[PDB]
Each structure stands twice: as structure tokens, then as C-alpha cells.
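1. Build me a model from this:
(3 chains, ligands or ions: 10)
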Amino acid sequence: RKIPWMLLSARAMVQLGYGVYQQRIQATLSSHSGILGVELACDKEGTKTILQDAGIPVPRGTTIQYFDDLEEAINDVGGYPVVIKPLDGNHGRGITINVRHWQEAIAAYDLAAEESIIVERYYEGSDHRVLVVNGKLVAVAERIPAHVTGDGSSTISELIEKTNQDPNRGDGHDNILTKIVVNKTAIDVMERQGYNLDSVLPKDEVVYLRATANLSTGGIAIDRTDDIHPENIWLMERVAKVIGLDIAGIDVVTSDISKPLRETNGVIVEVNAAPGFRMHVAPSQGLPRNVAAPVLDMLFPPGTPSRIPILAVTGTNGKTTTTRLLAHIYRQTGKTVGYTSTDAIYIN
Amino acid sequence: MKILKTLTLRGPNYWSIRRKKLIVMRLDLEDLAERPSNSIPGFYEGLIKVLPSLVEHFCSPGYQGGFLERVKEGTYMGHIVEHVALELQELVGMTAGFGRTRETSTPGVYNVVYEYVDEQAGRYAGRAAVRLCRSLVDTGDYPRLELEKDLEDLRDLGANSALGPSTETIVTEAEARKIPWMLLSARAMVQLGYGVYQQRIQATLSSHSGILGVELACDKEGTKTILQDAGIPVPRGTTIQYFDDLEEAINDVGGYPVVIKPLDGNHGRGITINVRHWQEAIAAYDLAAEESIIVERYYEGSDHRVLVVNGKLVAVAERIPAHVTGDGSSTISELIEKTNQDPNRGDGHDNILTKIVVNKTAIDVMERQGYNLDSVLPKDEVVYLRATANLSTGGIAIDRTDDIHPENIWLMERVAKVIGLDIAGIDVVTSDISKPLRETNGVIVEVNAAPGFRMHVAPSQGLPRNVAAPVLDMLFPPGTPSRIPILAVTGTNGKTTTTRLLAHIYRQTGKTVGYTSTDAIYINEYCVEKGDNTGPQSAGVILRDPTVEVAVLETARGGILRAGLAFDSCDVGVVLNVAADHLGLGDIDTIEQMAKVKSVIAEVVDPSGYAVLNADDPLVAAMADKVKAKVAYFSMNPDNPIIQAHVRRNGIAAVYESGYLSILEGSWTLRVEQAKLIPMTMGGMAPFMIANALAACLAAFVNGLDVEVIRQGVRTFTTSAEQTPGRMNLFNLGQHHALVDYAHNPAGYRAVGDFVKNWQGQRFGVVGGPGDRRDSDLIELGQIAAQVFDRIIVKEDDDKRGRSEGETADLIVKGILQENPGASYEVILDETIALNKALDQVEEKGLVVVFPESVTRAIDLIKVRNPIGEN
Amino acid sequence: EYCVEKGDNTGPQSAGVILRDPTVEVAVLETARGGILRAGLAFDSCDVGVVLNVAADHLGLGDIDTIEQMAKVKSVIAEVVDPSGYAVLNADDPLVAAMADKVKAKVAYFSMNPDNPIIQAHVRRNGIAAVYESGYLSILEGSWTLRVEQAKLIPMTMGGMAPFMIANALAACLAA
Ligand SMILES: Nc1ncnc2c1ncn2[C@@H]1O[C@H](COP(=O)(O)OP(=O)(O)OP(=O)(O)O)[C@@H](O)[C@H]1O
Ligand SMILES: Nc1ncnc2c1ncn2[C@@H]1O[C@H](COP(=O)(O)OP(=O)(O)OP(=O)(O)O)[C@@H](O)[C@H]1O
Ligand SMILES: Nc1ncnc2c1ncn2[C@@H]1O[C@H](COP(=O)(O)OP(=O)(O)OP(=O)(O)O)[C@@H](O)[C@H]1O
Ligand SMILES: Nc1ncnc2c1ncn2[C@@H]1O[C@H](COP(=O)(O)OP(=O)(O)OP(=O)(O)O)[C@@H](O)[C@H]1O
Ligand SMILES: [Mg+2]
Ligand SMILES: [Mg+2]
Ligand SMILES: [Mg+2]
Ligand SMILES: [Mg+2]
Ligand SMILES: [Mg+2]
Ligand SMILES: [Mg+2]
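-> Residues are numbered from 1 along each chain as shown, chains lettered A, B, ... in the order given. Ligands and ions are numbered 1, 2, ... in the order given. Below is the structure:
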């Protein structure tokens, strides 16, 4: 788009444009991102409170400060199929997504207890990411965790070697997908499903090797941008406006993105300020989206300039005199004029 | 004295329009109701010695002591509980004096109404007043400790809910400018304005403060780097990671007069401002070392704070640390006692200055100056008791706003823009703010995002500045609105229908329209919530919504009586009718009282707006003399003296004339449409639907919509079955019609009866009527079916059976028989299905009218008959 | 600053030259009693009406013999100010301050003495006033004080030695 850019001397910031038309960015945050919105989005209790007061569907749950009351808490929530989380936010740690039994709640409790949002109802559906940029929807993608399937009468370790050779898989960001790695955590996930590495899967059976989806751990991302229902589009835009964030990622759990969330019993789980883009610009299935174009359109709105006039004067003799006169003439229009010479740097 | 019920009102209400904050207590005087003080020995002297301040209370006598002119001649504890609750709040600074007492229900039950400042302190004082007053009518006194502990609880309740001073400063200015404000449910945020014009604040941060700017301002290394790259003067210094190299570092800095700081940021700790010697650097080093910006040159000048709000300078103040001077040949401890008695000094924020406190840190500061507490100072010598300035530690602040040089003003504004912060505090060190910083060798030391204001709004020397005004000017720029239009609809019958039509008309302009009704909360035809959504809690969902441009709200009496109105003022207030519904509930027994509840809407319309009144209703038309707003009228008869007198003075009215719905604007007539061509009205046969349409058209017109927009809106509006179930659902079933409605109060039975009278088909019959909850008005209702219907059948032996059995069917038939004896089938035929099938009792093209116990059954028993469709 | 006509140009015939002029954005008109008594006002209504003082001048002319009658002529300006506008009255003048009870417009006051009960009662209800205090000409807007300048630094006033010039300056500042 011919917009000039520069790196700045502090905090990994980048400047776009010149003079009075400049904007700054830092990764996925910009000069248009407010602090009150970003801080609210990082407060899970705060976010939930604000959204349910607006009539927006969120998960049902409570607060148990490591009291051995989980066995009763489930009664307010609605039964055993619940989610147990550390009370604090310390990444994806100490979390059990589907507690089915009393003793599972206790194992989760003991891990939750390691930190200083508990017992949520577990809603059944897929994990969808919705990207909203200026109070307007840009992209939707469905995320699935690393897995293998019953692709004939093969064992899980055999299936992993068979699919981990796929040419679209590799390290870092040099490929679309990455490699599947078996570790103690893959085993813990497989054990809960009734399987191990030497197990043979039934035809078309799917076994997950991870608890959550992520492209960086070997999962997949499917573009579903054109399959989202008009009412769901309206709700997502309203969520971003209620929490006050320009660029936002919204995490939605639903069985069918093409039907209204009220009919499929779906919920909004999380609102993320300053989300990443790999899953929308390099999906494993579906078509890539130009995510950046909607960002630059809000920073530099249609028919608006990114540059200020530049008058450059050179030659062997007379430059300083010509430069001072020309700056003096522009100054008679009432504008701020900056200039440089061999004597000094001046502004007005 | 037992408390039966407590209500907290927050907004214009029944008791007062202006006294928005009230507590209404329902108190049962089991005792005392029969003993008017003179029957309670000692209850005069006891009450006054416990609460000696109760002389400032006036009652019917407009005199000081007017309360105490009575008491001995009692009021049956009215006035006494009321005045005690008000005095207990006044004793702790909760300043409140409005109150009233009224008898209700059976004798002895009273409504005690009093003003509050804080909601919990208010309710607490009420309960405390009852305990105090009850002990004094049992015994002759009240223990002092049982008064002191209650006053302590009120002081804490009124403190816990307080806003901080920077929020109070902005909120107070917002009220002066008529900008509405609300507290939000999370992170101590405050909302300013409604709908699409809302802004949020939190102390000194706002919706306009960017995150990149705020984070950069908190990074001292980052800030310094960015500013020196812009040509802005900052202190010279280096980075020594607790290596014992300070002795060399000073050589790059320029010598010994240096500043040693902890490398990290952990408040004012481990900092030496002027190192003069090697060993001082080491002591500072050892303290700096406690944290994980060192060796700056020490520049010599005063500490100045500059406040910039929108890339523009607002205020400048000079800050000086707590000190004493050589005010005669006195010692430092003597000088501190002499000046610490100054009347402008005290705790917290209750004074301008605060007290000087000597502690180990004051001593450490004095030792470095060569002084101690027993030292005598030379005349005019100054000794500092603190290393840094702060009003909260006993220092001073001097306004220097008008003494700042034009070049320095330019530089300060450039600094705020370079770091990207809207509201910023800049810390400057200079010997003379009236000269350029380059000439005085001054520097910029720090940039603070979200600074406080006490030093600028309450300086110890110089004039106070209105800091908030420049903040609200950026949030709500000159000639820009803070509110969205509000159209409030009330009256006994027709509110939901009028509300849906009016929202439909505004929607034809392409705006986002939000509305609330008894069925659901909607935004642009999407349903947000379902159920009875009338009342102030729902109104707040629409008003807080960032996308809404127009709000249309149906308003019920339950909401007003229970908690007041949610919006304070509105642009259009529509009152449709007053009728004898809901009497006996909410302490309202008469029609004259019901009219006072409905008039609340008319009395909150802004003077620049309009009240829309029904000129055919004598209680409603009369409200015109209370209204401060303009008045518009509607009627079903052009020959109405009110309408004629009004248009002759160039007022506006809407009338039904010559088959048309038209607007009279002075001498000119504007026809909107024909009644028969507007689908909500059953071919012009439903007068009550015509009246609801006139009210919606007039409200749309007086608020500025064009006539063509109004025509488009009325022509495309529908009220089909399953859109408005139970409200005139007229079904086509071969050579037959059936009507399902849900008349509630008697006016709705008459409204349906007129529809029936206008029908041009075959004979009519009715298969329904009123239940168990009706207060014997059943005979009058039976008398409405009489002479309306040819066949009248009683079905009123339903399942609800709140009392007894099918007694209403018996009372209803007595009414039917008295007015139209001989009507076909004046018997009870069934409870349900064998009667609402009686389409088979009607000839070709006749009609069955249903007044069911439940609409779902009424319509599903028509669907089973294989209907064709809508009439 | 261009002169259109010279001579005594007060009265409704001159006001009409300015009001009919296609280039004028702001009109400032001095109004004399001769014009009002002879032909009425030229403009019907205005935004700001300033009444500076009532004194016993021109008595016996135009059928006005008393000071109470002269006050009724001057009050014509205060009574034609649009309800959305302001009347500016002299609080140190008992005939002028009294006009406040006839005015349908908002009222602002000026004085040479901050300790004037009218001014105090008025600012306590959040009105606006201009006073001379501590060597400064300042505006009182509710609880806040706005200082404009020092009397000695404003050239029309002879170094702060001409109280009547200070009062004229306060009236102009408050109207603006
Ligand atoms: N109540 C719930 N019902 C169903 N799934 C849920 C529920 N709560 C969370 N999840 C799932 O758990 C996943 C883990 O996200 P989580 O809410 O734990 O956030 P986090 O701790 O920041 O972890 P991550 O970095 O994976 O987002 C979510 O993406 C979602 O799919
Ligand atoms: N157009 C010209 N042609 C020739 N000589 C000139 C011209 N203009 C100025 N001079 C002469 O040359 C000198 C250099 O002037 P000036 O400072 O404006 O030059 P400059 O191009 O900025 O040089 P420098 O390379 O030092 O920056 C002048 O003082 C004058 O004597
Ligand atoms: N190089 C310096 N020369 C002179 N005075 C300085 C210098 N650096 C800091 N100061 C003074 O020290 C004071 C203490 O502020 P400091 O820079 O230590 O910030 P801080 O640790 O956040 O403490 P505070 O809460 O008092 O601002 C400054 O207000 C300033 O007056
Ligand atoms: N203007 C009117 N006058 C008399 N009866 C009316 C009028 N409008 C409607 N009705 C009748 O009263 C019934 C109540 O209709 P509607 O639901 O619109 O009332 P409402 O005022 O919202 O009542 P509620 O108190 O239940 O909310 C209608 O179905 C109809 O039978
Ligand atoms: Mg997540
Ligand atoms: Mg050269
Ligand atoms: Mg040169
Ligand atoms: Mg500081
Ligand atoms: Mg009702
Ligand atoms: Mg209703």
C-alpha cells in the first residue's frame, strides 16, 4: 500500500507513516487499543460478569477456594460433567476438562491447589476462533487437537509414524502443520480414552494425543468463515464492543457454527486481546485470508494520507539560504513546518 | 415495632420526582399505635437526652423545635422513627432531611419514607431508629454505648462505598454539565452517557488512553531513550549492576554530585539524591542492591509538576517537602510544634495540608543537614524533614500556572505527544519555570500516566483550577450529545402494542432501535432476553448497550412503585389511559392515586420535549397542568373542546376523522393513512387499535420523523398470531371466524365487545370469562357479555382454582342473566375442551370469542379444528 | 475598522445598515434613549443585553421627568433578550439590579466590590459574575475563579486609577 515504516528504539515498536499521520504498532496491539479494554479482557471474572450483564451466553460455574466442597459445588453447576481449573491464570496447567467421577475431581483439585473459575459445566462442542477487527467480523476457524485415526488395523504408535510423515508437517513456521510428539502428556491423554501405544484402533475411531488444540503442537485449523450464521455474526461483534477491544479473538464452544448459539446450547468461553494470526493466514484446510488488510484500513482510513509533504533541496551553493526562505513561505499558511540545515534543526 | 418490608428507590418515583434516593419502610406498630406518647411516661425527656440534636427538626409547625413542640403529644411513632433515622445519618455526616409518614393497610401499619446518601448506611439507620425508639417506650433511657457503636457502623458503611477523589472530581463536573453516570459491575469503572455515546473512566484513565503509551510511560529506560532521540533534555546517567564501579561511573557522569537509585522500581526506597562523598555512594549502593537508572548527575532546582490533558497544558504547580524555618531562636522540635498547629493542617483529605510527623526518617534527613531536634536554627534557615515533596506527608504546593514561559509550554506538550499519553503528569527540575529550560540547565525527570489532581484543585498557595472541565471536553466534544432519544410509554391498557409499533416506525429510518416489553428485550429484531422485561433492570440493559441509537421502553407501575425510573429524564412521555386495574396493590386503593403513579412519566419529560396525552380521558388530560414539557394531544373525536382550544393556539394534535388518521398542526391538516388500510386495526373495526396507532404516530411526529416514514411504518406493521399471541388473534376457519384474546381488567372486555358490535357477519357467542383472582367484579364482567353476545356460556371452573371451585362461573352467569336473560346456553358446559370447540354451535360466517384461562390452550384448540389462516 | 458613515449613528436607522449588510457576522450596537422613545428598537430580540447604569440625565425630555421613568426606558433592552440569552446587570446600581425581576432571560452580574450580597447569593446558586478583586478582573463561575488580567496592565484604565473604566471593562468581559 506504499506506507513507509520504521523501527523504533524502544519496546519493539514499529512506526507507520510520517509526521502528523504516524501510527504505532507492536505485534497485535496498536495506537488504537485502549488500556481499559485490554485489562478487562485479561480478568476472567471481570469479563464474565460484564458479559452476562449484557445478556451474552457464558459457562455456568462457581468459586471454591480449595475447600473440599467440590462434591457439593457440582449440585449448583448441574452434575458431574464439569471442568476443574486452577483458580489463578498460569497457562494450560492443572486443568481437567471433563470430570466424570468424584475421584477425578479430587485429582484435579490437588493440581488446581498449586496456584493461589472452578467447577464449570462442561458444554459439548468444537472449539472455534472468531476474529473481529473494527467492530466487524474478519475470519472464523475451527481448531482440532493432534490426533490419529483407525486408518486400518494399525496400532497408535504405527498410526503416528504413518501420518507424521505427511510433507505438510515440519518444525516452527516452515510448514503448515507440525510434528506429533509422544511424551508423558500424550500418554496421560490416551489413558483417559482407554488406549495406549500398542493398542489397535477400530475402523474410523479417533484418538487424541493432546487435551487442547494448537497448530504448534500438531493440531489442525479449518476455515469456516463463510459458514457462520447472521445472528452469530451479530453476537460476536456485540461482544467485542461490550469489552472495549478493537482487535479481538473470541473463543466459542459449539457443535454447529451454522446455527444460532441459543439453539445448539453453545457458549462464549474467552475473549483475547491482541490474538495471533497463523491460523487464519495459513490454515490447514480451506482458503487463506488477508487479515492485515482490515487492520491497515482502520489505521489509515480510505482516502486519507500516510505522508506529509517533503521538499528536498540540494546543489553545490545556496542550499541553506533557499531552505530558510522556502520554510518561511510555507509558514505563512499557519502550518507546522520543520526543517534541517547546517546551522540547526527547527520547528516553527 | 416490627419491620415487614423494605424498598430502596433509585430514581423519580411516587413519593418525589427530585428526591431520587429514598428508603420506604413498612412498619407494623403492634404496640404504640394505641399510645400517642402521653400514654408512654418519660418518652420526651428520654428521647431528647439520648438524641439532644432533635430540635432542628420541623414538622407541620414550620419552626425550630417544631418536632419537639409535639412528641409529648404524640404522633403514634410516625415522625419519631422517621426523624430518628434522619438524625442518626446526619450525626455521621450522611446529610439527609426529606421524609414522610402515611398510614396504610389495616390500622397500625405505616409507610415510613426517608432520604439516604449511602444505600447501606440508610437501611442501617432505619433499623437502628426502630431499636432506639422501641427501648425508650419500654424504659426511660438508651445506653450511651448502644448509640456510639451504631454511629461507628454508620461511619464505616459510608466510607466503604466512597469513590476515590479523582473520580469524584470528574463525576461532579459531569453532573454540572447534565451528563448521566453509572457504576459498572467490574473493576471500579464508571460509565458516562447512554447507548452509542457512552464513555468509560477509571480514576485518571479513560476510554481514550492507549495501552502502548501507558506501558512506555512505566518503563524508565524506555521513556528516556525515546525522549532523548527526539531532542528533549533528560538527566545524564548509566547502568552499574551492583558492581563496585560507582567510583569510576561518576567520571562519565561528571563528578560526585550524583543520584544513586535501586536499579528497579519499588517506590521511594533506597534512594540518595545528593551524593557528595565516596562513602555515601557506598551506603547508597548497599541499599540500591536490595532490588534486582544509577549514578545520574544531580541537577540543582525545584520540583515542578506540569499537567497536560489533550496535547494542551492545563496546570503547573511547585512542590516543596515538609519543613521548618528559623522563625526566631527556637529549636526544631519547638518549631514543629509551633507550625503543626496551623488550622489548615489535618488528617487525610479533610484539610489542605497535613501534619508533620517526626520519625526515624525525619531524623535521618535532619542529620544530613547538620541538625537534630534540639538544634536552634539561625534566623531564616530552612530545615527539611523529608527527602521528597508530597502534600500527604506535610509538604506544600504552589500554583505557578501563569508564570510558565511560552517555549516551556511548547516543550511540555511535545513530550506528551512523543510518549503517546492523553492525560499526563510531567516532572520537571528547574530553578526558574519562567525562563527556558535550556538557559537554566533544567531537565525532565519523569513522565507519569494517569496522575492525581489534589495539588491542582486544592493547592496551598495560589488559586484552585478546574481540572475536570478539560477532561470532559475531550470525552464529549463541544456541541456533541451524551444521550440517545428515549421514548417512554405508560398507561393501564395498550402499552405493549404501542411500544412495538413505535419501535417499528423508528426502525424504518435504518437506526438501531432497542426496546423492552412484557414479552422480551430486543435490538433490531434480535431477541436478547425473554420474559417480563419491564422495569428499571431491563431499561438499564438497553441504555448500557454500545450499539443502541434509539430506546423505546414500556413502563409499568410495578417497576415505578418498587424501585423508581431507570433514566431520570426523557424526550417523549406517552400516557395512554388511566383505569381501575391493580387497585389495592402496592398501597394504591383509589383511581386518583393510580393517576399519580402514571403522571410520573409526564413529569420527567425534559422541557425541550413533549408529553403525549389522551384528550378523551379526564384523568390523563388533567396531567397537562403538572407538565413542564410541551403538550400534544390525541383523540377519537375531532369535536373535543380540548383539541379545538389547543390547535387554535397552534398546538399539535392527532385525531381520527373521515376514515383517516391525521395530524393537526395549527391550521393545517396532514393525512397519514386510512384506518382500513392499516393491518393492526381489523378493517377499521377496532377503535382501541386506532387509538393506539394515533398515539404512536403522534409521538413519532413530535420527535421529528417525516410523515412518509410514519406511513411506511404503519402500513407494514403486523400483529399476527404467534407474534402477539392472546392479543386480538382472529382466525379464519372455512365459513367461520374465531377470536382469541386475553382481557385482563374490564376495559379490555369492553374493548373486545366493541369489536364484536362492529362485525358484519352472523351470530356471536362466547366460550370464556374471568377466574378466581377477580374481586367480585365478575358480575360486572358477566354483564358485558350480556347484550354483546347471542350465545353466552360459562367455562369458569378452571384448573387454577385459587379459591374454592367454579364460583366465578356462578357469579358470571348471575351478571349475564341480569342483563341478557334468554341468551343461548346460560349454563356451565365444561372446564376445557368440550366448550372451546363450540364453533359447532355457530352458523356460517358467525364468530366464537374466547376469553381463556390460558392463551396457549385457546389457540391450540383452534389449530386442531384445521384453520385456514389469518382472518 | 473601515468607516461606512460618520456622525451620530445611534438609533434604529443605523442598526438597519448593519443588519442588512451581507458580510456581517457579529453586530454590536450602542442604544440610546432618543432612538427608543422616537421609533422603538430595530431588532425585536437579541442575545446579550447590557445595562450599565441609570442616572439623572436627560430629565424633562421626551415626557420623562423622573428617574423611575428613565429606568423603564433602559429596561427595554433587558426585556427583549431571548430566553436562551443573557442580561448583564450592574449589581452596584439599585435601579438596574431590580430589572432582574422583569427579565425572562438568564441574568449575569458585575460589580466593583466582591462583598456584594447580590453577587454572593447569585454565585451560591451557580450563577456567573464579574468582579474586581485583588488587583484583578476576574470571573466567578459558581465556585471557581477565572482571572483574566490585572487592572494596571489594561491600557484603557489609567494604571488602575480610573474605577469607571474598570467597570466598563468588566461589563465587556462578562458579555464576551
Ligand atoms: N466450560 C467449558 N466447557 C468446555 N470446554 C471448555 C470449558 N472451559 C474451557 N474449555 C476448553 O478448554 C480450552 C482451554 O482454554 P482455557 O479456558 O483453559 O484457557 P487457558 O488456561 O488460557 O488455556 P489456553 O492457552 O489453551 O487457552 C478452551 O479453549 C476450551 O476449548
Ligand atoms: N547561488 C549561489 N551561487 C554561488 N554562490 C552562492 C550562491 N548562494 C550563495 N552563494 C555564496 O556561497 C556562500 C555559501 O552560502 P550557503 O551557506 O547558503 O551555502 P551552502 O550550500 O549551504 O553551503 P555548505 O556546503 O557550507 O552548507 C554564500 O555565503 C555566498 O557567498
Ligand atoms: N537527577 C536528578 N536530579 C535531581 N533531582 C532528581 C533527580 N532524579 C530524581 N530527582 C528527584 O527525586 C524525586 C524522587 O522521584 P524518583 O525519580 O525517585 O521517582 P520514584 O522512585 O517513583 O519516587 P516518587 O514516588 O517520589 O516519584 C523526583 O521527584 C526529583 O525531584
Ligand atoms: N387502548 C386499549 N384500551 C382498552 N383495552 C385495550 C387497549 N389496547 C388493548 N386493549 C386490550 O387489552 C389487552 C391487553 O393488551 P396489551 O398486552 O397490549 O396490554 P398491556 O398494557 O401491555 O398490559 P400488561 O399490563 O399485561 O402488560 C389487549 O389484548 C386488548 O384486549
Ligand atoms: Mg483459550
Ligand atoms: Mg558543500
Ligand atoms: Mg548549508
Ligand atoms: Mg516522581
Ligand atoms: Mg397492567
Ligand atoms: Mg405490556
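2. tell me the SS of the residue nearest to residue A:8 when sequence neighbours are not counted?
-> Leaving aside its chain neighbours, residue A:8 sits nearest to residue A:15 (5.7 Å; criterion: C-beta to C-beta, 6 or more residues apart in numbering or on different chains). C-betas here are computed from N, CA, C, even on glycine. Under DSSP: H, G, I helix; E, B strand; the rest coil, the three-state class of residue A:15 is strand.
3. Tell me how far residue A:15 lies from residue B:283.
-> The span separating residue A:15 from residue B:283 equals 44 Å under the rule C-beta to C-beta, to the nearest Å.
4. In the stretch 101-250 of chain A, which residue sits closest to ligand 8?
-> residue A:244 (29.8 Å; C-beta to the ion).
5. right, and that residue touches residue A:37 too?
-> Yes - contact criterion C-beta atoms under 8 Å: residue A:244 and residue A:37 qualify, at 3.2 Å.
6. ok so, going back, and the residue nearest to residue A:8, what are its bridge partners?
-> On the basis of DSSP bridges, residue A:15 is bridged to residue A:6, residue A:24.
7. Do I have it right that it meets residue A:24?
-> Yes - using C-beta under 8 Å, residue A:15 and residue A:24 qualify as a contacting pair, with a distance of 5.7 Å.
8. Now do the shared contacts for those two.
-> Each of residue A:8 lies in contact with both residue A:15 and residue A:24 under the rule C-beta atoms under 8 Å, 6 or more residues apart in numbering or on different chains.
9. These two: which is more packed in?
-> Set side by side, residue A:15 and residue A:24 show unequal neighbour counts under other C-beta atoms under 10 Å in any protein chain shown, the larger going to residue A:24 at 22 against 15.
10. and stretch A:26-44, anywhere near chain B?
-> Yes - looking at stretch A:26-44 against chain B by C-beta under 8 Å from any C-beta of the partner chain, the contacts come from A:26, A:29-36, A:38-40, A:43.
11. Which residues does stretch A:312-324 contact?
-> Judged by C-beta under 8 Å, 6+ apart, the contacts made with stretch A:312-324 from elsewhere in the structure are A:326, A:339-343.
12. How is the residue in the stretch 151-300 of chain A that ligand 10 sits nearest to assigned, secondary-structure-wise?
-> As assessed by C-beta to the ion, ligand 10 sits closest to residue A:262 within the stretch 151-300 of chain A, at 23.3 Å. In terms of secondary structure, residue A:262 is helix; the call rests on three-state DSSP.
13. Run through the residues that contact it.
-> Neighbouring residues of residue A:262 by C-beta under 8 Å, 6+ apart: residue A:57.
14. Helix, strand or coil: sort out residue A:138 for me.
-> Reduced to three states with three-state DSSP, the structure at residue A:138 is strand.
15. doesn't residue A:294 make contact with it?
-> Yes - the pair residue A:138 / residue A:294 is scored as a contact, 5.3 Å apart, by C-beta under 8 Å.
16. can you pull out the helices in the stretch 1-150 of chain A?
-> Using DSSP state H, counting those that start in this stretch, the helices of the stretch 1-150 of chain A run over A:35-41, A:44-52, A:70-77, A:102-112.
17. Check the ones you listed for me and report the most buried one.
-> Per residue and on average, the most neighbours among the helices of the stretch 1-150 of chain A fall to helix A:35-41, with a mean of 21 (mean count of other C-beta atoms under 10 Å in any protein chain shown).
18. follow-up on the earlier one: can you list which of the contacts of stretch A:312-324 are found in helices?
-> Secondary structure assignment (DSSP state H) places residue A:326 from the contacts of stretch A:312-324 within helices.
19. Can you flag the buried ones in the contacts of stretch A:312-324?
-> residue A:339 (16 or more other C-beta atoms under 10 Å in any protein chain shown).
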